[PDB]
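The lines below spell out each chain.
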Amino acid sequence: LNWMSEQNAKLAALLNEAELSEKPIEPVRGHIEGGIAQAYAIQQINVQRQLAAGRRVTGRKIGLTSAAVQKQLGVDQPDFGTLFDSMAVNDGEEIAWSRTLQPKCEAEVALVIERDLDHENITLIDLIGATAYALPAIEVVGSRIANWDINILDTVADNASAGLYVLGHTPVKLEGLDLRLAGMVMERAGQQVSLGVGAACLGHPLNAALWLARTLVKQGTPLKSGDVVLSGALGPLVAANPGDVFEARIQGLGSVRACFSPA
Amino acid sequence: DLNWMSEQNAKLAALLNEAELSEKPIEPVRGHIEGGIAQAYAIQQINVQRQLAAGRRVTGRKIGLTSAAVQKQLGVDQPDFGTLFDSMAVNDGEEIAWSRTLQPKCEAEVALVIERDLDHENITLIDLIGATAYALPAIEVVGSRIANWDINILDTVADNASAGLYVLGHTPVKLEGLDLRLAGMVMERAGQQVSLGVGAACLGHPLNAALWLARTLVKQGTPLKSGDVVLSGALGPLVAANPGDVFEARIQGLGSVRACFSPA
Amino acid sequence: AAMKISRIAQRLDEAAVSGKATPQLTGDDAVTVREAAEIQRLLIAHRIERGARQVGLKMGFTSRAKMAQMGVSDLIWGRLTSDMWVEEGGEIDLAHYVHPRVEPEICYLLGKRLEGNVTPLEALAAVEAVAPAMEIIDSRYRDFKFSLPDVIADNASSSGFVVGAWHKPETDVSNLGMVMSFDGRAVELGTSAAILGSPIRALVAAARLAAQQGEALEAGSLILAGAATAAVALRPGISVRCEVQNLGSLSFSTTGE
Amino acid sequence: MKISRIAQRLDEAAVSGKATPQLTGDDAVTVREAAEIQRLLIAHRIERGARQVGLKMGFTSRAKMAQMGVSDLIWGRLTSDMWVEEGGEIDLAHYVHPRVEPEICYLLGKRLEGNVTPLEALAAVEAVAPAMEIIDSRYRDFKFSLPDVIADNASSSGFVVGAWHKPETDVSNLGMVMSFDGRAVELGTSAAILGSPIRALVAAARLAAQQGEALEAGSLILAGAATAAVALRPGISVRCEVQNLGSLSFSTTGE
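Regarding how it was determined, this PDB entry cites X-ray crystallography in its header, along with a resolution of 2.519 Å.

In structure tokens, the structure reads:
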């Protein structure tokens, strides 16, 4: 009702300036007395700022997908961030270091949506019919806040720490795909930096997409045909460094490489 | 472009058109281009309009400089595109008249058939995957209207990215269940391996180059349309073709295609 | 061979048999890695003397992260024997154990003998079938703080093993998901990719380690490739299950209090 | 008399990790001469306690052969000390100046001898796998000599193999990505090995019968290099990704 306040616009502007100057800032949770709702409002102002610059909302990212991580942040539910055409990377493409900000990588299942989920009370059945295929993905999260010092208010206001998203090229339909026991390994320089399984992502990647679909319908911004949903971490995040090449493999889904350029 | 139909551009386009009709390559036109790569695309565009005026049909686009090595030798960090017409189309095994080539060179490529129009701004990989119907094993026969292939970025783009003929295979293969990053490529002639490659050589992946092309076409006001065929890029080195030559290209998991040149 | 080697082996063997913890070596009982090797052999000889036989091997520290955390430069292996076998779907009394933990693993059945410096290629040519498994591990020491030589002498905590269904040897086990659960709720989540990045790598290592002691992986051996997740303390009255992508599940229970 | 000292200086270079000059004028060798240095070169490794475990074909291409002015392939015997654990690490200090190459490896399940067809060859194969050859010329600043390369055992030094794949797997035209720390250094296809790897197995058996040998059961055959060799350097992850055959890797130690 008051999402477009002077306080929110100041916080949104701060995070936006941090991204442009490539210089992180002090935490903002101390300036948010409105709870996670005010943080979502702050995220929203930067979403409109990106739309007003002619960018395209290409999807959403789901965060806090394990009860362990929800518990550290004092929450009993996941968080969501907004993806844009500028944040997209294809498997193997060089990632310019200036596109990251304290980058970390997480292997996830990307779900492409082919039907709008605009109605209230979305079910798992609505989500299955609206899901076209899946893609192996590596999310490259980033932080506009200094040294990743973030509570739920900081991350949600900072677009749930979204940076980039790396997607694979070969789609795989849900029929004949077991996303619960799908094994995950992410490697860097032949080393296993992240280990996981589909079940780690809220029990199943569709449990997270179903959570998001309904959260978005209550925020007045539902999922749309063509949107890519990054369903959540399959394993722990690994901090990325210039020139790093992480390769994630999801059993039955495929592989994807995030290549960071140096300097 | 605000002046893509300049008197200078028309002269260069007619020069290249004439070089092709008389089967006689001309000298490099890079000296005459001062507007850079944009002026070169306006020149390719004039010749496109010339072909449409003769009742020809645009059937797709070709992508060149799909490797960083080749990009570097032309002073650029991006690929180029050319326009394909129905008259350039060849089927697997069909005899190719020598008159239809000009300094012919062969390259194995992945052909992508489009089934949806990508007319909007900020086309994503998701849009492209949804607009790709299937793929065919292809052999591009490039040609130069500039003599002895003495070309720079301006000569090739202006000369329709050195496009020639495109030989397509007959059997479609859907993308789901097709690994184009690791697909092996071999092109043989008289039992010899004349070109070797993999899908990754084409800008990392054929859909990487096709996403570049779709995006560039929207910025030039000529988007990819349904039915268009995208010659995504070389999976290996170019081999000069000679009369009577038969080139076979195999793309593991995609199929094979033969380019047979007539004996002139 | 030494009086200390015999004294520690016998002390470690009764801890195992009684299910009561025994103290670690400090100063007088301080042991060489080479001393631990001899204690490891005598510890197994005690079991063979009671009628059990050697039936396989288990690899320990099967990840560079693991060797890094314990400051080691190679993995540790343990010998498995007919008496550590647990019926799949069976029950175990925690009373015959000191403080047992459960780990999910990938198991290989050798169809032919495997010896020496082998390629992954050659390793799987001698494999008959593959299966998911759970290793029950038990450090027999009391108030244990990590010392490499103690675990070698304590047979790398070998104590129990349970295996699942037969699967073709060409099954891809490089990155299968794994869910270990107590009473149906997951206690550990991971992938078989945790075992050296590719489980066959552990089978190659087992031939390497066994050749060091002039041994070989004989036809019919059960090789536990390594732990895909961290071990979990077992409790009484629980159903322990291991579910693996493309491999089915395996289970066993613990007696009630 | 001469052959024994060339063999020993060549052998010296390998255990030492230090380069040695090419065979010149006085020590100049004949293909035949180079043949005995190679046999004696392996004899030194045997003496040290290693055994012959396979073969490696070189110049496995008509282009590579014509480029070196030869009409046939060359090979080198593989010994157990050249084995490198897959996922392992190597110290470059033990090498004079080594390069890596991606190949196809066949594990022979039965003896193969003589002039065989492609059909008979694969009937003797237990499995196939992707592989990487670690090559190392012992010569310092080498100006190509056929006899030196033969006498230097086709620069054989290291070899690593990937996972078991069924022997009927079509390995005729598989994509190969050899990379250093996740970035490709070489891009190719298995089609590079003579136009079909099974042809290198055929040639491997024709060449072994040339010297009264045979491809024994359980041997390892490295069909050939599908791409150009890339020089190795410290602290790098080396991986070979092959279409339908998975990948294999090994590291180099840092300074």
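Colleague: Run through the interface of chain B and chain D, naming residues and quoting values.
Modeller: At the interface, 16 residues of chain B touch 17 residues of chain D. Interface of chain B and chain D: buried area, both sides summed, is about 1,200 Å²; carbon and sulfur atoms make up 56% of it. In terms of surface lost to chain D, no three residues of chain B exceed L182, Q193 and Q252 of chain B, which account for 45% of the buried area on that side. Scanning the region where chain B abuts chain D turns up one salt bridge. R181 of chain B is the salt-bridge partner of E241 of chain D, the closest N and O atoms lying 3.0 Å from each other.

Colleague: Can you break down the pattern of salt bridges residue by residue, with the values?
Modeller: This model, assessed by the stated rule, comprises 56 salt bridges over all chains. Its salt-bridge partner being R77 of chain D, residue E213 of chain D comes within 3.0 Å of it at the nearest N-O pair. Taken together, the residues span a long stretch of sequence, with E213 of chain D in the loop between α6 (197-209) and β9 (220-222) and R77 of chain D in strand β2 (residues 74-79) at a distance of 136 residues. The network of salt bridges with shared partners includes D91, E187, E247, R249 and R257 of chain A, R181 of chain B together with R239 and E241 of chain D.

Colleague: Account for the sheet that holds strand β12 (residues 246-252) of chain D, with residues named and values stated.
Modeller: Residues and elements named next belong to chain D. Read across the sheet, five strands follow the order β3-β12-β11-β7-β8 without closing on themselves; strand pairing throughout is mixed. The sheet is open, and its two edges are formed by β3 (89-90) and β8 (183-189), each paired on a single side. As paired elements, β3 and β12 share two bridges and run parallel to each other. In the sheet register, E89 faces β12, and the bridge partner there is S251.

Colleague: Lay out the pairing of strand β9 (residues 222-227) of chain C with the relevant residues and their values.
Modeller: Residues and elements named next belong to chain C. Extensive coverage of β9 is indicated by the burial of five of its six residues. Across three bridges, the pairing between strand β1 (residues 54-60) and β9 is parallel. When the bridges of β9 are listed, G56 appears paired with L222. Both strand β4 (residues 101-110) and β9 contribute to a ladder of four bridges, which runs antiparallel. Bridged to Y108 within β9 is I223.

Colleague: A description of the side chain of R61 of chain B should follow, citing residues and the corresponding values.
Modeller: Residues and elements named next belong to chain B. Within the secondary structure, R61 is located in strand β1 (residues 58-64). As a buried residue without a salt bridge, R61 has its nearest oppositely charged side chain in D228, at a separation of 5.3 Å. In terms of polar contacts, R61 uses its side chain to reach the side chain of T83, at 2.9 Å.

Colleague: Explain the packing of aromatic side chains to me, using residue names and the numbers behind them.
Modeller: Summed over the entire model, instances satisfying the criterion amount to 10 aromatic pairs over all chains. Here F246 of chain A and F260 of chain A contribute two aromatic rings whose centre-to-centre distance is 6.1 Å and whose plane-to-plane angle is 75°, an arrangement assigned as edge-to-face. One end of the pair, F246 of chain A, is in strand β13 (residues 245-250); the other, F260 of chain A, is in strand β14 (residues 254-260), with 14 residues separating them in the sequence. Each member of the pair, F246 of chain A as well as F260 of chain A, carries the same accessibility label: buried. Ring geometry for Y141 of chain C against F144 of chain C: centres 5.2 Å apart, planes inclined by 35°, an arrangement best described as tilted. Taken together, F59, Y139, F142 and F144 of chain D form an aromatic cluster joined through their ring pairs. The residue whose ring lies beneath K104 of chain A is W148 of chain A, and the NZ or CZ to ring-centre distance is 4.4 Å. Over the face of the ring belonging to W149 of chain B we find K105 of chain B, whose NZ or CZ atom lies 4.3 Å from the ring centre.

So, how was this worked out
- Residues numbered from 1 in each chain as written, not as in the entry; some residues may be left out.
- Chains lettered and ligands numbered in written order.
- Part of a larger assembly, values for the part shown.
- Heavy atoms only, no water.
- Residues with missing side-chain atoms left out of burial classes, pairs and counts.
- Contact = heavy atoms within 4.5 Å.
- Buried area = accessible area lost by both parts, 1.4 Å probe.
- Salt bridge = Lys/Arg side-chain N within 4 Å of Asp/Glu carboxyl O.
- Helix = DSSP H or I, 4+ residues; strand = E, 2+ residues; numbered from the N terminus.
- Pairing = 2+ DSSP bridges.
- Buried < 20%, exposed > 50% of the residue type's maximum accessible area, 1.4 Å probe, protein only.
- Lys, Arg positive; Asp, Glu negative; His and termini not counted.
- Polar contact = N/O pair within 3.5 Å; in protein donor to acceptor, adjacent residues only side chain to side chain.
- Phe/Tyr/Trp six-rings, centres within 6.5 Å; stacked < 30°, edge-to-face > 60°.
- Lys NZ or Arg CZ within 6 Å of the ring centre and 35° of its normal.

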